[PDB]
Structures are given as C-alpha cells and as structure tokens.
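Worksheet for the structure shown next.
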Amino acid sequence: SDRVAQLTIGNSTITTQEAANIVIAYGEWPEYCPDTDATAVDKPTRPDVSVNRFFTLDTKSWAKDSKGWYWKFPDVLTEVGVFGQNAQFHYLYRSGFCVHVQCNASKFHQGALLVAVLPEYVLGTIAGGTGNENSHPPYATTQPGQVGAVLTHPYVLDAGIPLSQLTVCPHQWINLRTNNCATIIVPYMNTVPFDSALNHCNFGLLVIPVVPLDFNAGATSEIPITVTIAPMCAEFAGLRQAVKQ
Amino acid sequence: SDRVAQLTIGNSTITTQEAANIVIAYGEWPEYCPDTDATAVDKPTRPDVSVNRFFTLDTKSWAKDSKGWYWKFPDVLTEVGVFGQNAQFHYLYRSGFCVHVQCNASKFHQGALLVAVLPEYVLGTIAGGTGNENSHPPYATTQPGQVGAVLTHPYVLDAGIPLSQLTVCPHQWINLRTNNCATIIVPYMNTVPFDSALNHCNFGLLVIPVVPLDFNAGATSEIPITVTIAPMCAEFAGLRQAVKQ
Amino acid sequence: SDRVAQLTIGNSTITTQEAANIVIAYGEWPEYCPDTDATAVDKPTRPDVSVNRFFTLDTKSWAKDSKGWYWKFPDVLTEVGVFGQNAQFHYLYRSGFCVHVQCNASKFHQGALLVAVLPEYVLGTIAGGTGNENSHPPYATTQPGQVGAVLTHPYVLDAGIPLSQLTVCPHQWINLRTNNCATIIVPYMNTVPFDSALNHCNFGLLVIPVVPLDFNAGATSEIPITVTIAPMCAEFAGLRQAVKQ
Amino acid sequence: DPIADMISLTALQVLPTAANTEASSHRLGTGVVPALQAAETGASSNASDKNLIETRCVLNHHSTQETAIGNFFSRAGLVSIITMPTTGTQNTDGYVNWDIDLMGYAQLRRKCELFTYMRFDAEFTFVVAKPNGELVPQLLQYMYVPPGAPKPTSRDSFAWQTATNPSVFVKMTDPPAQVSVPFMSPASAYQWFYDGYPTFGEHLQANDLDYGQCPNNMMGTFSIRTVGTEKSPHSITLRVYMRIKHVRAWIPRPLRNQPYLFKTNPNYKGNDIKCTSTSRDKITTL
Amino acid sequence: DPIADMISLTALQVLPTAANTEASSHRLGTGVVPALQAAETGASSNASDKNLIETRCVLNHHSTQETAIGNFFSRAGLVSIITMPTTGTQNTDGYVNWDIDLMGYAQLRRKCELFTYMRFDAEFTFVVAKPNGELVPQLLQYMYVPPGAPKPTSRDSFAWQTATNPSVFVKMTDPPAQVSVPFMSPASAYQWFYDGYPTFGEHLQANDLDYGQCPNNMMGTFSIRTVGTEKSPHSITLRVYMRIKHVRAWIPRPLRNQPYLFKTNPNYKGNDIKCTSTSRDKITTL
Amino acid sequence: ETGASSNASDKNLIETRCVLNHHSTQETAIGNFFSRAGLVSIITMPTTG
Amino acid sequence: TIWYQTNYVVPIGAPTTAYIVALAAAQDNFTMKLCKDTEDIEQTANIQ
Amino acid sequence: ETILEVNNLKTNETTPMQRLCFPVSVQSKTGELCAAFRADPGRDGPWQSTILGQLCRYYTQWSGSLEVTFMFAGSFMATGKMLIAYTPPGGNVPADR
Ligand SMILES: CCO/N=C/c1ccc(OCC[C@@H](C)CCN2CCN(c3ccncc3)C2=O)cc1
Ligand SMILES: CCO/N=C/c1ccc(OCC[C@@H](C)CCN2CCN(c3ccncc3)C2=O)cc1
Ligand SMILES: [Cl-]
Ligand SMILES: [Cl-]
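Chains A, B, C, D, E, F, G and H, in that order, are what the protein sequence lines are.
Going by the numbering used here, the first sequence opens with residue 1, and the numbers climb by one from there.
Going by the numbering used here, the second sequence opens with residue 246, and the numbers climb by one from there.
Going by the numbering used here, the third sequence opens with residue 491, and the numbers climb by one from there.
Going by the numbering used here, the fourth sequence opens with residue 736, and the numbers climb by one from there.
Going by the numbering used here, the fifth sequence opens with residue 1022, and the numbers climb by one from there.
Going by the numbering used here, the sixth sequence opens with residue 1308, and the numbers climb by one from there.
Going by the numbering used here, the seventh sequence opens with residue 1357, and the numbers climb by one from there.
Going by the numbering used here, the eighth sequence opens with residue 1405, and the numbers climb by one from there.
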C-alpha cells in the first residue's frame, strides 16, 4: 500500500512492486501558467496526451566503480517524439516532469543510489588542474542530450559544491535491499513564466552511487539503471519554423 | 460588405478587398468527431493553434495556355509545420479545411478560374492511348505533395468525367473582372470517423482556367496563383513513432 | 459618406469627392478667447464673415524631383482681403484655421504628399556648410508670405529635426491612389491669448512629397498642388494706424 | 478561473409536388435587380419566372416522388454473367468462383457512380439456364464465401458442406432464386471512389495496381456448382441481378462521359476522347 | 455534450519560538515503532525526543527571529573595491568604469549562493579615502549607467552631464554616501545560477564563455570620477558595500566548499579538492 | 491617409490568451522624465589668464 | 520579412515600380521603465 | 505612428529622402523576398527613425506589443498581394517564403 504503485499518463503505464513512496518536489504539483503570471500574449498550444506521456531514455550500466551520471531538462527530450517537435517549432516552453529512475537487483546484491533533482545545475571545470586556466564546459557537457553524461568528481558534483548536501534537494534513494525505483514529480521552476527549451535547462537529474554496488562472484553482474520521464502540463508559445539550437 | 473580408485563425490573418462571398461545402462547418460516431478508444490530441492556422504552398504561374492544377488533402501538408509532424506520428487523423486561392490581375486583364473541391478524387490514365493497356497513375501523380500537379486532359479531369459538371461540387469562380480570390470551407468527409493522413486523400482541390487568361502586349504577364490553406478542428489518435508513408 | 465632403464658410464653399476624413488638430475646435484667459482690456472686433472665409493662395507644380514647400500662419494672409487689413490695423490678433490642400491626378499616376502642421516652426541654416558660421535665415525665408518657400533639406525640415517624425503633428497624407486633398482644422496655439500677426507665426504648413510623383510618358505631367485656407474665429484688438511690418 | 482561454444553414423539407407559380405583374423600379447575378459566389441563380416575366397563377400538382433516389435505384439490373461450360477453356470442372464486383456492367455502374458514397441493402435474383436459353432438370448450389472463408477448389470440396456459410440449393427449372443481402461493409457506407492506397509502405510502379482499391468494398466470393460427384453434361449460364433497397447516397459527382475500360479504375481511351455533347457547324445555326 | 473527454500539501505557520517539549513516560508495546525510519522515501526523520526517551516538560521561549533570511542578509558587506591611482598602470585619467558584479568577494557571495533565486532591494554605501586611509578635500561624482546608456570615456565626457542617469556628488571628507536601489531585473528575481546560454546558435568552444551568463543579472555600469577639468593629485580607493533588504529567496542548495576562482562561474582547483570536513586517523578515536 | 494611427490590436490579428498585465505606466509620466537634475552651465573664474 | 504572395501587377500605362511607407508605434499594453540617458545625442564640441 | 527607415542603405546616405520608403515592382519570379528587418525597437536600425525608437532609448527596459502599418503608394490601377511575417526569436532570417 506504499511499496506497490502505478503511474498512468497518456498511452503509457509504469508499474512497480517495490517503491518507497513518491516525492512531490517542494510540495507543489505541476500546473499550466495562470493569466496573472503570464506575459506572452499569444494563445499557447497544449498538446496534452501526445507530449505528456512517459519516455524511456537509454540505459546505463552500474559498475562497482561508477562515478555517477546526470541529465538536463528539457534537453533530454528536445529531440524525441512530438514533445521534441513542439520544443523545436516554438520559441517558448514550460512544463513539469515525472521522473522515474529504475534499478533492480537481487536480495543478495547491495548498494545505494542517490537520485536527486538540482534546479539550475551549472557545471564547472577543474580550471586546468592548477586553477590558473579559466576553461569552460563544452556544449556536449552542459547539454549531453538523451544519452546523459558521467560525473568526473561526484564528491563536488563537478561544480564545487558538496554531494553530502544534495539531499537538501528533492530526492529519493534507491537502496537495493529496500526499493527498486525512485519517483520525483517536479513542477516548473524559473524566474520567468516561459522559456526557451533549447537555451535553458531548468534542472538536472543526478543519479549517484553513494554506496558502491557489490555482490559475490557468480551473481548477475549486469545491473542496469533506466530513466523514464514524462512531461506534465507542457505548454508552448511563439510558433515559427523548427530550430534545433 | 461582401467583397471585403478577413480570415483570422491561429497566428495568421488573410485579407481581401475583392471577394465574392465564402462557400461552406454542403452547408456544414468542420467539427471534432462526436462520441456517437467515434470508434477508436484512445483520447485524441487536439493541438489547436499550432496546426489550425494558415499555410501558404508554392505559387503557380497562370499562362495563356495553362491546363490547370490540382492538389490533394491532407497530402499537401503531411510534411509541413506541426501539422505534418502530428500526421506522421499518429495513425489516425481527421480535420476540415479553409481553402483560400489567390489571384489578382488588373482591370485590363481577363480570364476565369474555376476553383472546386472534389472529394475522393481518383485519377485515371489514358490507358496507353489505344485503351488496351491497363496502366495506373504513379505515386507522384496521385499524391503530388505540396507542389501540386498539372492536368493533362482538363476536359475530363484526367478521370473520364466532364469538367462541365464540376460545379455540382463546392466551388467558386475567380473571374478577374470581379474578384481576386476564392474561399471554400470544407468539412471532414469519409465513410469512417478517422483515417490515415498518409494512405488516403479525402478530397482534391482543382484550379482550372475555363476562360483562358488574356491581356494586351505590354501589360504585366506574370499572373501568379497562390494557394493558402488552414486545417480546422484537426484531431489525431493512435500515437507511435513517426512514419512518412 | 467619408470620401465625399463639403466645407461652407462665409461666402465660399469647397467640395471634394475623394477625401480621407478631416483632422481636428489635437482634438480641439477653434474658439474666441474667453474672459478668464484674456488680458487686454479693449473690446475686440470680430469681423466674422468678411475674414472667416476661404482664401486660395498661389498654386505650386509637383515635379518628379520637388523637395517640398512650406507656408507660415498668419503670414500668408497678412496682405490679403479684409483679413489682411484687420491684421495691419490692429496690434493684437488670434484665430484658428481650416487648411485645405488640393491635388488630383489620374488612376495611373502615383505619389504621396505628407501634409502637416508644425507649430512654432523655427528654421535653421546650414551654418555655412562647415558649421563654423553662425548665419541666420533671411526675412524672406522665415516669412515667405503668400507664395510660400521651398525646402532645401526636407529630410531634416531645414531645422535639424527628422521628417520621419513629423507625423507626431496634426497631419494627413495625399496619396494619389486614395484621395485628392487633405483637410486640417487648427486651433489657436500660443503662450499668450493674443499676439502680433506680423511679428509671430503660430505655425507652419508643410507639404512634402515623401513618395515621389511618377507616371508614364504620355500622361499629363502638370500636376498642381493648391492651398486654400480659412481663418476661424478671427479676433483683433489694439486698433491704430495700419502697419505692414 | 486561472486560465481564461480554456473555456448547418440547411434543413430538410417535404416537397411532394412541384412549386406553384404565383401571378405577377410588371415591376418598374430602381435598386432592385433580380435578373442580375454573380455566378462567382458558387451559388446557382435564385431568379424565378415571376421575376423576369408576367406570370399567371398555376396550381402545380406534379409529383416529385419518382425522382427520389429510392425509385431511381430500386430497379433490378445485371451485375454479372457467370458461365460454366462443359468443354473448352473455362471451368469444365463443374464449379466456378466469382469475386464479387458490381462494376462489370455499364448501365448499373454509371448510375451508382453518380454518388461518392452509398449505403444500402440489396435483393439478388439468380436467373439460370443453358447458353441457348433452354432449361433442363439440373440441381445447382450457390454459396456465399465471405472474406477469410475457404473457397471451394473442386466440385467436391469440403467447403460445400456449408455448415456456416449461407447456401442456396435450387433447380434450373425452378423460378429464379432470390435473397436479401444486408449492408456488409466494415465502414459506414460503400464508396465507388477511394483516392488512396490500401496499405502503408513505398508505392513503386510495380504495385501501382493498389491505387484506388479499398478492402471496405471487397465483399468476398460467390461460389456455384452442380450438385453431384459426377460431371454434368449441361452448359450453364448464370445471370445475376441486383436490386438496391433502403438506400442512402452522399456527395453527387459528374457523370461518366467516356466509355468504361476496366472494373477497378476510371481509365479512359486517350486517343479517342468523346465530347459530352454532339457537334454542329456554326454556333449561329441549328 | 457531444465530446465527453473535453471537460500543495504545505502551508505557512508563524513559529516565534522553538517547540516545547512535552513530558513523556515509558512506552512498551508492539505495532508502533517511531524509532524506525525509511530514509529512501526522501523524507527526514519525524522522530522526536519524547519518542526515544523519557522527557520532562520544557517551556521553550527561545526566539527563531534571528534566523529569518531577512536578518541573515540585511548586514552590509563588501562587494567591490574601485581604485583610481594617479601614476602607474591603472586609470590615471581621473575616472573609472566598473561593470556591476557582486561575485568578486567570497563572504557575501557564499551567503547568496545558498539560494538559487533571490529578489530584493539594496542599500549601497560608498566609503572613500586615500590608499592609506587618509582623507582630503576632494569632490567626487558617482554615476549609475544603465545598460544601453553611453559610458563616459574621459573625465570630461558629455555623459557626466547626467541629465537622466542618477548621479551622486559628494566630498571625500563627507560621511559615506548612501542610497537605496530597487529590484531592477527584467525577470522576477535575480539568479546566481543559470544553467544555459544567453543566445541561440551553435556553441563552439570559441564561445563557451557564454555558458552561465544571464543578461537578467547584468545591471550595467557604475562610473566614478573626480569633478574637474584638471587631473587630481590624489589617489582614491572606493569601497562599495551592499545591504540586502525586503528579500525573498527560493530553492536552497549545497554551500560552496571549494575556494572561489572566478566571478562568472563555479570552477574549482582540480588538483587540490578540499574535503568538506577535517580528518583524523581512525574512525574509532577522536 | 486619414492622419490616424492604426486601431488594430493583438486580438484582431491573432488568437490571444488572457494576460492580466500589472505593468506600471508611472515612470513615463513627464514628471519623472524631467525631474532629474542635469548640468545646464559651467561658470569658471580663473586667477590668471 | 515581407514577401510577394502573388505579384505586383499593373496594366499598360502605369509605373512598374511603386513604393511602400512603413509606420510604426506601440500598442496599449506597452510600457517602459528604468530611466536612462540616450546614446542618440552627443556633445562632440562646445555649443556657442 | 512615425515613419520607419526600412530602406536604410549605405548608398542612400547622400540622398536621405529615399530611406523613408522601400520599393515593390513587377517580379518575373515567384515568392521573392521584398525586404527584411529586426523588430527590436531600441536597436540600431530602421526603428531609430521613429519617435517610438528615440523615446524608448531614454529607458533601459520595455514591454508590450508593437504595431507596423504599411501604406501602399502605387497607382490606383496596380494590384498585388504581399505576405508580411514576424518570426519570434530563434530562427535567422527565413530562407524562403
Ligand atoms: C446464398 C448465396 O446468396 N448470396 C448472394 C450474395 C450476393 C451479393 C453479396 O454481396 C454483394 C455485395 C454488393 C451488395 C456490394 C459490392 N460492392 C460494394 C462496393 N463495391 C465496389 C466495387 C468496385 N469498386 C468500388 C466499390 C462493390 O462491388 C453476397 C452474397
Ligand atoms: C547614483 C549612483 O548610485 N547607484 C548605485 C548603484 C548600485 C548598484 C546598482 O545595481 C546593483 C545591482 C545589484 C543589486 C545586483 C547585481 N546582480 C544581480 C545578480 N548578479 C549576478 C552576478 C553574477 N552572476 C549571477 C548574478 C548580480 O551581480 C546600481 C546602482
Ligand atoms: Cl456435397
Ligand atoms: Cl562636467
């Protein structure tokens, strides 16, 4: 009654028999932009079921020495399904998201993944090691797309901030002996009512193994981690020709 | 008060100062499919303003010896804007259309174009001339896409039927001394509530010069004919991956 | 009902079958000076019909390379009819004006005249070209009389100000394909209730071809522009002997 | 409410008789001009006899019932001739399979093609005899084989057991067999014209014969045989007649004006394009 | 109706004092287990003193007012040091243009970066003197040059006419100048972190310096000069202090734990990654 | 030609949503445009020259 | 951007080239804020 | 409304009156581009000539819908249809109609 759950939206349904509740980021549900906050005057387009449905991105392999991964929203979907198309044809965009990270093992495996949502996840470089080089992250690192990227220094989240404090953000743990997934519902967060789905990532999703994976030789060693996400209340405005970036 | 008109839909507006009224095909306005006629059970997607707006296709040049042209719906838009994208990602589709054919000259030019909408416009071949060859129209002729095609035997509409009787179909005339456009609003017509936007063209648009263009040497000779169309009440169902044909 | 019009005042009547409405400068009608604003104590003389009637000044010829013309009020009439006489015999004067600029061509000519009223139209010189000479406009240029003057640099209105912004002043356009006249009713504007008709021009009238005149060889080439004006609510005070300047 | 933006001029009439004519007199005035029209609008003229001439009163009792689509179509017409010869090229096996297609004969076809969509029930009559019109004591079996059901392959195929398909057994000497058939399409109406393809995929010239073919019109096979394990010594000709009833039609179109060439398409003889009307010498003489 | 388908669990509370402690006794039973939790849910423990031990009653009057974000931020702190030397490398022209950026000093920066978005008014104080802290009778002009307004290019630039921009004229011997500044962003709040790019287009390594730059945070230029056509013989150091007031903050984040390297980004010294906490030898000894 | 500016508004040319606009018009009041001290004269009084 | 939807057509006797005047302004929902000095005016030299 | 200098060419500077209007004429090809400019009211370019552009340069920020009215000054006998478009941020000048 708290470990079992079903998420149905659009023409997609997700099930799980070993959940650990669901988190509503900052206690707020996604919602279309009201007339008091809106500023752009054109009537928005709200595709509904064609874009607010679950999308499953590539799977990652959890190894005994994995550092962790991260994805950026809405970057991950800017080129997938009808959502991507609306994101490319419109200047303005806004929406919430239902993030469902999946990972199952056996009652003999062990390990804990911290799944968190960090809004405005700005990355930094190691500054050439010495700190005298003012280098910057490449486009491929700031917006890794659907494939996601790997963290090089998880301890400081590749941004000079302690991973030990990441729990101050909406999050769940996927502790193999307890649950096999994490679910976080994220509302739209920005200083503006709508924004470019191409030039700005509202938040990043981080999956980091704080407690390394471990198992005895002989047990299945391919332990994948899959990410399935669903836009919620997706709105679009400022229609024109398609633009990829 | 009947010659002047404005058509505003989506983020587009059409104006004309020399119209000849507007025709509502068979006296019916386009409308979304009601629950009594529908058969497919999934919730449809109704994009609204991103697909129900005016689209301007390529322009044709009216010459003193032009035979006439034709386009097929929804073929003409299956690869344009957000409409095309929805048509490709969904199995099922339905909608009405607002057709606005434009053509202006001067008070010294003359000629009359018959603009008609023929539902289920099935083309035929000349059967090898002698009539002993059971040949068939190529895909490029049955579904010419956005560019439209040229009629080889306008008198029989390339289908063994008299052009003299085409007025039995929703139509308008663009007689240069009178008006400079034609407008026809077409409702969805089919034996099924929804259908494939790729495998079936609900109707064809025919623009045929019944009275040849004529003017004295010295007057502008480039007399173009432009076609602007707008889907109305576009609905889509049966979502999946994109398919071009 | 908006293109046809009749202006009858005094023993004169103006007609037009191709107008484009009438403009009431700053939304105010001319009116005699009320007792609260007046300062001079003598009873004014208000000649009425002998001075508030239409006066037709000389005609100008619109050429394909004309720069534009301007007139100053009340200078243009200080020496015409009974109005001029009252202006010369009295120290003080005030009135409004009905300006009617006329210009007709044919449905084959083209060109657009901007007709505007610029209050306190102070002219400037080119400063000897280099800008080191503090030269000033001659009396013949500041107060050209009934004949009016020609602009040497219409783009800056011979006063270092952009013609592109002249529409911020009461104005009408005489676009040959649309109308054949312009009408502007101007109220009295000054920092004083009455003033010298000789030493101060309350405003200037500018007629400038923003879109050059054009027509095919063979069409009438003499396209005149006539200016007809009528004082309104003309008042005079401070009677004495006649003074021309 | 947080988001504000989220919130037929034709009727049937019963006209049993032609319109009457009201008496009218002369009209001499300005502003009003019934004779002048603007065909560009796409509308037919609304001018009537009384607008253009002085008319008398005529109480018109002329019926409009015979032009009701029902009486136009509900007349049995030939739609197929199935022969079954004893010796020769064709089936000398004593059985024939015919794919149901009513587009093989012009008269009935041209009438149907006046409309785009049609929905109806039908009465089928089967007139059978020998090629010379004589009749002999022969027992026949007619079987309806719906799409997906096994077609008989011989005169003794198991399919003739007809445990589920509907069959009709009748003698050539009996009167013509006759049965009623319902509207069987999977769609809401049959369509004589289908501007599209039956399936997805590339449409190379090799498969252009797909164009215009709509499965919603393919009703299956009509199988017939002589009832017996031995061959019959008699040649048989079966003429099939169809009578439309309980009909509804949609979207009128131009009537065929070129001879028909094929059942499945509107192809016409390109070198010999007939003119819809006969010709004359000058435009000023009859 | 023809188409049927077309039809916050957190509230603020006023807590002026710390929670009291209720007296509790021993609990010996099954089914109920307050000590056991499931951190996986993402929730913090709800266990309280009385659930794990026997407590007495404590009427706690401890105030919670000093930890209100308002009292945490409304303390003036250094955000810029603008020097104007007489001889040397820097501006010996008697004027300086400074692009407003408050990320140049750690103390105040780390406090602001505790949040993602912040909206507020600010009180700016200008402490000016000579490099050695002495004061002389010098007249100065401070001018705010909003984005798009012409920046002064010399000590006598026309821009100093300051007909529209706000300027402050004060003596180095007067007390520190002080003014209030409103919330000026085009957006609804300033943001210390902007995970995106300012413009569209390809983002080649040549322009990677765009990453993280949000114009909504760029408030313009702060120009200063000595009032005079002749050069001043005095070196000047201007220390700018900012005091946040009428503040609102959104989305807390992990606090910076690596030294700052640059104003415009979170880059850290890769070869020397400091541990958030100090270390010891064994985990079993203090 | 009439001399009037266009009266067409967003909703006349496109499909619009509802926007409750609270943007102030106070800073463009001529009073706030002009009431900002600006330089109008520099008077020098030298000792020698 | 301004495109030719059809064409500029004219009979014999009329210019084959004409002009268009563009006028611009703000609508009723337009406002400005944060008063500043303009770039469009400078005092290069002294004003005598 | 004030006049917009859409035809602000380098070859016009010596004859500035020509910047106050742009041409249209008989084309031999279809779908041709007649002119293009940014909509940015406070940016250097055509808007600088308007009272709106000049006035909005006295302010740092602006908000609201703009409006551009085009007046055809050809002869009464001339006719034609133009497609005027506004492309929101993101895409460069549209390649074609
Ligand atoms: C016990 C045996 O008796 N059964 C007789 C029978 C007769 C007719 C039967 O089906 C007749 C179907 C026709 C009423 C309609 C056939 N159609 C529908 C439309 N269509 C067609 C043909 C070519 N192009 C487009 C449409 C057709 O040929 C089935 C059984
Ligand atoms: C008469 C002259 O007095 N004017 C003084 C003054 C002082 C400050 C002024 O603007 C100060 C803006 C700051 C309150 C906020 C600056 N911000 C906003 C967020 N931001 C920033 C910096 C680096 N990365 C992200 C954001 C900033 O640096 C303007 C005028
Ligand atoms: Cl049997
Ligand atoms: Cl100064």
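Built from N, CA and C at the ideal position, the CB exists for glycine as well.
**Message:** Quick check: the Cα distance between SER502/C and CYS691/C, rounded to an integer number of angstroms?
**Reply:** As a position in the third sequence, residue 502/C is number 12, starting the count at 1. As a position in the third sequence, residue 691/C is number 201, starting the count at 1. Distance between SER502/C and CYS691/C, taken at the CA atoms: about 25 Å.
**Message:** Please determine whether the Cβ atom of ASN1238/E lies at a distance below 7 Å from any heavy atom of ligand 2.
**Reply:** Working through the fifth sequence from its first residue, we reach residue 1238/E at position 217. At least one heavy atom of ligand 2 is nearer than 7 Å to the Cβ of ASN1238/E, so yes.
**Item:** Cutoff 8 Å: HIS1330/F Cβ touching any chain H Cβ
**Value:** Locating residue 1330/F in the sixth sequence gives position 23, counting from the first residue. Yes, its Cβ sits closer than 8 Å to a Cβ of chain H.
**Request:** Using DSSP bridges, identify the partner residues of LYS906/D.
**Result:** Here residue 906/D refers to the residue found at position 171 when the fourth sequence is read from its first residue. Its beta-bridge partners are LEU874/D.
**Prompt:** Taking 7 Å as the line, does the beta carbon of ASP1026/E fall inside it for any heavy atom of ligand 2?
**Reply:** One-based indexing of the fifth sequence puts residue 1026/E at position 5. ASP1026/E Cβ: outside cutoff for every heavy atom of ligand 2.
**Prompt:** Should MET1027/E be labelled buried (16 or more other beta-carbon atoms within 10 Å of its own) or exposed?
**Reply:** Sequence index remark: in the fifth sequence, residue 1027/E carries index 6 (1-based). Per the 10 Å Cβ criterion, exposed.
**Item:** Nearest residue (CA-CA) to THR281/B, options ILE835/D, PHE859/D and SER923/D
**Value:** For the purposes of this step, residue 281/B is identified with residue 36 of the second sequence, where counting begins at 1. Answer by Cα proximity: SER923/D.
**Prompt:** What are the start and end residues of the beta strand (DSSP E) that includes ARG1077/E?
**Reply:** Numbered from its first residue, the fifth sequence carries residue 1077/E at position 56. Where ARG1077/E is concerned, there is no enclosing beta strand (DSSP E), given that its DSSP letter is neither H nor E.
**Neighbour flag for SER311/B against chain G, beta carbons, 8 Å** = Taking the second sequence and counting its residues from 1, one reaches residue 311/B at position 66. False, the Cβ-Cβ gap to chain G never drops below 8 Å.
**Prompt:** What did DSSP end up calling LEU1282/E once you bin it into helix, strand or coil?
**Reply:** What you label residue 1282/E is simply residue 261 of the fifth sequence in a count that begins at 1. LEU1282/E: coil per DSSP, three-state reduction.
**Asked** In the structure shown, what three-state DSSP assignment does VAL117/A receive?
**Response** Looking up residue 117/A in the first sequence gives position 117. In this structure, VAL117/A counts as strand in the three-state DSSP scheme.
**Request:** Kindly indicate if chain A contains any beta-carbon less than 8 Å away from that of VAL1326/F.
**Result:** Counted from its first residue, the sixth sequence places residue 1326/F at position 19. Output row for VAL1326/F: interface = yes.
**Message:** To the nearest angstrom, how far is the alpha carbon of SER1101/E from that of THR1297/E?
**Reply:** Indexing the fifth sequence from 1 puts residue 1101/E at position 80. Indexing the fifth sequence from 1 puts residue 1297/E at position 276. So the alpha carbons of these two residues sit roughly 28 Å apart.
**Item:** Classification of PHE893/D by the beta-carbon crowding that lies within 10 angstroms, buried from 16 upward
**Value:** Translated into positions along the fourth sequence, residue 893/D becomes position 158. Classification for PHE893/D: exposed.
**Request:** Using alpha carbons as the reference points, say which of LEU198/A, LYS244/A, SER135/A and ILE9/A lies closest to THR228/A.
**Result:** As a first step, residue 228/A must be located in the first sequence, where it is residue number 228. For the residues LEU198/A, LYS244/A, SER135/A and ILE9/A, the minimum Cα distance to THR228/A belongs to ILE9/A.
**Request:** Could you spell out the range, first to last residue, of the beta strand (DSSP E) harbouring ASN86/A?
**Result:** Your numbering for residue 86/A matches position 86 in the first sequence. Unbroken run through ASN86/A is the alpha helix (DSSP H), 81-89; no beta strand (DSSP E).
**Status (buried if at least 16 other CB within 10 Å, exposed otherwise) for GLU1251/E** = On the fifth sequence, position 230 is the one that residue 1251/E refers to. By the neighbour-count definition (other C-beta atoms within 10 Å, threshold 16), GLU1251/E is an exposed residue.
**Prompt:** Residues bridged to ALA602/C by DSSP?
**Reply:** For the purposes of this step, residue 602/C is taken as the residue at position 112 of the third sequence. In the DSSP output, where bridge partners are listed per residue, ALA602/C has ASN665/C and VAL701/C.
**Request:** Assess, as a yes-or-no matter, whether the stretch 880-892 of chain D is touched by the stretch 846-866 of chain D under the definition of 3 or more beta carbon pairs within less than 8 Å.
**Result:** Flag = no, the stretch 846-866 of chain D and the stretch 880-892 of chain D do not touch.
**Cβ separation of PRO170/A and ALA116/A, assumed to be a contact under 8 Å, to the nearest whole Å** = Along the first sequence, read from residue 1 onward, the residue named residue 170/A stands at position 170. Along the first sequence, read from residue 1 onward, the residue named residue 116/A stands at position 116. Right, their Cβ atoms sit about 7 Å apart.
**Message:** What does DSSP give as the partner residue(s) for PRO721/C in the beta ladder?
**Reply:** Translated into positions along the third sequence, residue 721/C becomes position 231. Note: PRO721/C sits in a beta bridge opposite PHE587/C.
**Message:** Less than 8 Å between the beta carbons of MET477/B and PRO289/B, yes or no?
**Reply:** As a working note, residue 477/B is residue 232 in the second sequence. As a working note, residue 289/B is residue 44 in the second sequence. Contact: no.
**Request:** Would you list the residues sitting across from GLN592/C in a DSSP beta bridge?
**Result:** For the purposes of this step, residue 592/C is identified with residue 102 of the third sequence, where counting begins at 1. For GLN592/C, which the question treats as bridged, DSSP gives the partners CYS671/C and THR716/C.
**Asked** Closer than 7 Å: is that where the CB of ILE1368/G sits relative to any heavy atom of ligand 5?
**Response** Because ligand 5 does not appear in the structure shown, any question about it cannot be addressed here, the ligands present being ligand 1, ligand 2, ligand 3 and ligand 4.
**Prompt:** In chain B, which residues lie with their C-beta within 9 Å of the C-beta of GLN940/D?
**Reply:** By 1-based counting over the fourth sequence, the position of residue 940/D is 205. Within chain B, the residues near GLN940/D are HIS381, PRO383 and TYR384.
**Message:** Using only the alpha-carbon positions, how far apart do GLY638/C and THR776/D sit?
**Reply:** Sequence index remark: in the third sequence, residue 638/C carries index 148 (1-based). Sequence index remark: in the fourth sequence, residue 776/D carries index 41 (1-based). Taking the straight line joining both Cα atoms gives about 54 Å.
**Request:** Would you list the residues sitting across from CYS1391/G in a DSSP beta bridge?
**Result:** For the purposes of this step, residue 1391/G is identified with residue 35 of the seventh sequence, where counting begins at 1. According to DSSP, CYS1391/G bridges with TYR1463/H.
**Message:** Tell me whether the stretch 619-626 of chain C and the stretch 703-717 of chain C touch, counting them as touching only if at least three CB pairs, one residue from each stretch, are closer than 8 Å.
**Reply:** no
**Prompt:** So is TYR1490/H buried or exposed if we call it buried at 16+ other beta carbons inside 10 Å?
**Reply:** For the purposes of this step, residue 1490/H is identified with residue 86 of the eighth sequence, where counting begins at 1. That one is exposed.
**Prompt:** Are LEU451/B and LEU411/B close, meaning C-beta to C-beta below 8 Å?
**Reply:** Locating residue 451/B in the second sequence gives position 206, counting from the first residue. Locating residue 411/B in the second sequence gives position 166, counting from the first residue. The answer is yes: Cβ separation under 8 Å.
**Prompt:** If you compare alpha carbons, which of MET954/D, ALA782/D, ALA753/D and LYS846/D is closest to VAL767/D?
**Reply:** For this step, residue 767/D is matched to residue 32 along the fourth sequence. For the residues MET954/D, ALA782/D, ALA753/D and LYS846/D, the minimum Cα distance to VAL767/D belongs to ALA782/D.
**Message:** Less than 8 Å between the C-beta atoms of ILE208/A and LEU114/A, yes or no?
**Reply:** Within the first sequence, the letter at position 208 stands for residue 208/A. Within the first sequence, the letter at position 114 stands for residue 114/A. Yes, they are a contact pair.
**Prompt:** Can you tell me the Cα-Cα spacing of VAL541/C and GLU569/C, whole angstroms?
**Reply:** By one-based count along the third sequence, residue 541/C stands at place 51. By one-based count along the third sequence, residue 569/C stands at place 79. So the alpha carbons of these two residues sit roughly 12 Å apart.
**Asked** Can you name the residues of chain G whose CB is closer than 9 Å to the CB of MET1239/E?
**Response** Residue numbering aside, residue 1239/E sits at position 218 when the fifth sequence is read from its first letter. Chain G residues near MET1239/E: none, gap ~13 Å exceeds 9 Å.
**Asked** Got a sec: is the Cβ-Cβ distance from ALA602/C to anything in chain G below 8 Å?
**Response** Counting from one through the third sequence, the residue named residue 602/C turns up at place 112. At least one chain G Cβ lies under 8 Å of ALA602/C.
**Message:** At a threshold of 7 Å, does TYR1163/E count as lining ligand 2 (C-beta to nearest heavy atom)?
**Reply:** Along the fifth sequence, one-based indexing puts residue 1163/E at 142. True, at least one ligand heavy atom lies under 7 Å from that Cβ.
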